[PDB]
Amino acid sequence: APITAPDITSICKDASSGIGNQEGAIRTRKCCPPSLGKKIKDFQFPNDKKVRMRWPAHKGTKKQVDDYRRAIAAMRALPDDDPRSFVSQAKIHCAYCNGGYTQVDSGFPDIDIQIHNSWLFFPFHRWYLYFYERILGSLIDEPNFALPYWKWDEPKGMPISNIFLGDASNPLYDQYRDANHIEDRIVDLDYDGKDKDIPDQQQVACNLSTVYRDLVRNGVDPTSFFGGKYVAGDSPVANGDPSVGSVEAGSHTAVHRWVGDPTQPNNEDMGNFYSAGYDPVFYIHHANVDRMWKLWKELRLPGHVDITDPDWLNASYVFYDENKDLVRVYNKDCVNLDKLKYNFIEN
């Protein structure tokens, strides 16, 4: 049986899993979504007239950057318990990654849902971003709004984009980042807890090699790329488990570890799931992770196919959309980007 989120507005508890120092935690653990008297309805495919084209964060036009920054400012200006707010969108990650929900709807009320460290990783985050993006666009009345993506698989895209930098007068800024690493700027996709001390050009080459490692060397089939099988009745897979998919355990983990501020108790914000969404760059990094799924299918190599197992296809989550309606979404429905009415600007 597939993993199935419950009525998240009725069955939810404060996040308590996967956070080593909760007494000193700098962000909240009260991550449950707001109640608004809504009935959960099934997803319907979007009727957008145009396809949203996500843009490399180091190559944005003035309008693209200004719209993104203004949308995040609008999101920050919303009251916390508005489900479109900056805080509420961050809390989504905390709820689904740090033990907010259980498998009650599947007959396992005593087992939490975890969307990380398994084959749920790619589709969950694709859906999370799908609604996030459409919410941002609604806040500034831009119907073809698209997210930037951190194109760290291309050399000039590897430095963290200057749009995120400066100080707290910039809505895209977050004080809780590794200060040493922000000064270095070039993300280390192979980061393993120790700084490499190599020339910039070598770090660039290392990042390119790492992308091939995750997409080709280790991503040789759906199990190794998407991650291990995880179904109703299974306990949460631990962080670092070798059954985790190549991108999740590789470049994905590295960027979170690298940006997270080691002077904070849990390396907040990007350094723990529960706080990662308070850094605007969380979503923009993840937009390129989303893209890796697209690229991985395009390589046209043996084993690079999507999952056909019904217990994956029929797994579902619940999100608020830009109308503040509750929408249930299924893994099967996010495999085709054309039908989701977005893609990525490519060379």
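Note that residue numbering begins at 1 and tracks the sequence as displayed.
Enquirer: Averaging C-alpha B-factors over each stretch, which comes out higher, 236-244 or 97-105?
Expert: Mean B over CA atoms: larger for 236-244.
Enquirer: For the higher mean C-alpha B factor in the entry, choose 206-214 or 112-120.
Expert: That would be 206-214.
Enquirer: Pick out which of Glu268, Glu133, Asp184, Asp82 has the highest C-alpha B-factor in the PDB entry.
Expert: That would be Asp184.
Enquirer: Compare the CA B factors listed in the entry for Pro34, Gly60, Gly303, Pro280 and report the winner.
Expert: Among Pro34, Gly60, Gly303, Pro280, the PDB entry lists the largest C-alpha B-factor for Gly303.
Enquirer: Where does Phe225 sit by CA temperature factor within its chain: lowest, middle or highest third?
Expert: Answer is middle: the recorded C-alpha B-factor places it there.
Enquirer: Mind checking which third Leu299 falls in for C-alpha B-factor across the chain?
Expert: Ranked within chain, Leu299 CA B lands in the highest tercile.
Enquirer: Using the B-factor values recorded in the entry, state whether the Cα atom of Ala254 falls in the lowest, middle or highest third among the modelled residues of its chain.
Expert: Lowest third, going by the recorded CA B-factors of the chain.
Enquirer: Thinking about Cα B factors across the chain, which third does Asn47 belong to?
Expert: Within its chain, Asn47 is a highest-third residue by C-alpha B-factor, going by the deposited values.
Enquirer: Ranking every modelled residue in this chain by its Cα temperature factor as given in the entry, which third contains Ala5?
Expert: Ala5: CA B-factor falls in the lowest third of its chain.
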